[PDB]
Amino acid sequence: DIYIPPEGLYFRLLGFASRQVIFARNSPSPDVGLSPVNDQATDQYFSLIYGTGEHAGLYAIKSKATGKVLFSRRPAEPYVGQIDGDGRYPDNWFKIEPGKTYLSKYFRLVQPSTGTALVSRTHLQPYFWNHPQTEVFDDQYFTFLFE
């Protein structure tokens, strides 16, 4: 019962471990990362693109500020970022994987073909990153924050 929004409805992605939201911006560098929940800046907002055909069941994550979609990959560095193209690459496509107990209202964002999960944390850099999906930590959990 994690609500997943339709296309066109905007949200921010809050991390359980970091209490911050993902940003995707034009400038300054870096162009992706984490920023303060309280700011509610446009570059914290995203909407989903629903995958079809080979990406049926997966979602791309499109920035309101830049129009680009998030990627999560290995082994090419850097491991996370944004790019043009509305999900033209396999690493733009995420599975939403709900947690349990205290994470029942959160989920991982797993990019299945590279086998990575997004990370949002405060204890180690990079603060916004990814991790092999097979090894689970609390800081891979996110929740949609809507207006």
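The first residue of the shown sequence is 1; numbering continues from there.
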Stretch with the greater mean C-alpha B-factor as recorded in the entry, comparing 137 to 145 against 3 to 11 | 3 to 11
Segment of higher mean CA temperature factor, 60 to 68 or 30 to 38 | 30 to 38
Per the entry, which of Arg25, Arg19, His131, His123 tops the list for Cα B factor?
-> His123
For the listed residues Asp86, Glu97, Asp91, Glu54, which one has the largest C-alpha B-factor as given in the deposited model?
-> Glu54
Assert third(CA B-factor, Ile49) within chain per record equals middle
Sorting the chain's modelled residues by C-alpha B-factor, tell me whether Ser104 ends up in the lowest, middle or highest third.
-> highest
